[PDB]
Amino acid sequence: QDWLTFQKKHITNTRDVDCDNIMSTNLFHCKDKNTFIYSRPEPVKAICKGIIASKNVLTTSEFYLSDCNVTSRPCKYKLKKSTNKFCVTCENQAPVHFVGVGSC
């Protein structure tokens, strides 16, 4: 919804996210999936530089991604690490929503 919450929800300081811990907090509330970007914030924010009106954008570069994907057991997750481009919603020069991996 804004850059601060995008960072809380999607930027990680470790590739090896502890899915079964973080996914069970109220922010994620055991949802089926979340993608985290292992990056300093500035390379991520730069994706949206100059973009004002909300527009979905596919990264030029690839990033280290860490997906928490629910297993057959409720609120228990497999961590799946990948290198890919991703699509964000850019608004006023910062990512405000994570759209999806690989494509807009």
- Item | Residue pairs meeting the criteria (Cβ under 7 Å; at least 6 apart or on separate chains; first closer than 21 Å to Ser72 by Cα, in the range 5-33; second of a type in the set (S, T, N, Q) and surrounded by 12 or more Cβ atoms within 10 Å (Cβ to Cβ)) | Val17/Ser66; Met23/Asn34; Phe28/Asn34; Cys30/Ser24; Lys33/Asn69
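Within the range 12-23, track down each residue that is in contact with a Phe, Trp or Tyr (Cβ under 8 Å, 6 or more places away or on another chain), more than 18 Å from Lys85 (Cβ to Cβ) and part of a loop (DSSP other than H, G, I, E, B).
The first filter runs over the range 12-23 and keeps only residues in contact with a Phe, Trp or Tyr (Cβ under 8 Å, 6 or more places away or on another chain), leaving 12-15, 17, 19-20, 22-23.
Filter again for more than 18 Å from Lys85 (Cβ to Cβ), leaving 13-14, 17, 19-20, 22-23.
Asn13, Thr14, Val17, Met23 - these are the residues of the range 12-23 that are in contact with a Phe, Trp or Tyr (Cβ under 8 Å, 6 or more places away or on another chain), more than 18 Å from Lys85 (Cβ to Cβ) and part of a loop (DSSP other than H, G, I, E, B).
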- Query: Can you name the residue in the range 47-76 that is buried (at least 16 other Cβ atoms within 10 Å of the Cβ) and more than 12 Å from the chain's Cα centre (by Cα) and, of all such residues, is nearest to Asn34 (Cα to Cα)?
  - Reply: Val70
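Does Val44 satisfy being more than 14 Å from the chain's Cα centre (by Cα), of a type outside the set (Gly, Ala, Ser) and closer than 23 Å to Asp18 by Cα? Full working, then the answer.
On the way: more than 14 Å from the chain's Cα centre (by Cα): no; of a type outside the set (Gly, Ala, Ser): yes; closer than 23 Å to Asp18 by Cα: yes.
So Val44 does not fit the description; no.
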- Query: So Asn26 fits all but one of (1) under 22 Å from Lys85 (Cβ atoms); (2) not in a strand (DSSP E or B); what number is the exception?
  - Reply: (1)
- Determine, yes or no, whether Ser54 is of a type in the set (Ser, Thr, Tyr) and in contact (Cβ under 8 Å) with a residue 12 or more places away in the chain. yes
- Query: Looking at the range 77-104, which of the residues that are surrounded by 14 or more Cβ atoms within 10 Å (Cβ to Cβ) and among the charged types (D, E, K, R) is farthest from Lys55 (Cα to Cα)?
  - Reply: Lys85
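Please note: Cβ atoms are built from the backbone with ideal geometry, for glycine as well, and neighbour counts cover all protein chains shown. Where a number appears in this text, it was derived from the coordinates with a stated rule and is not lab data.
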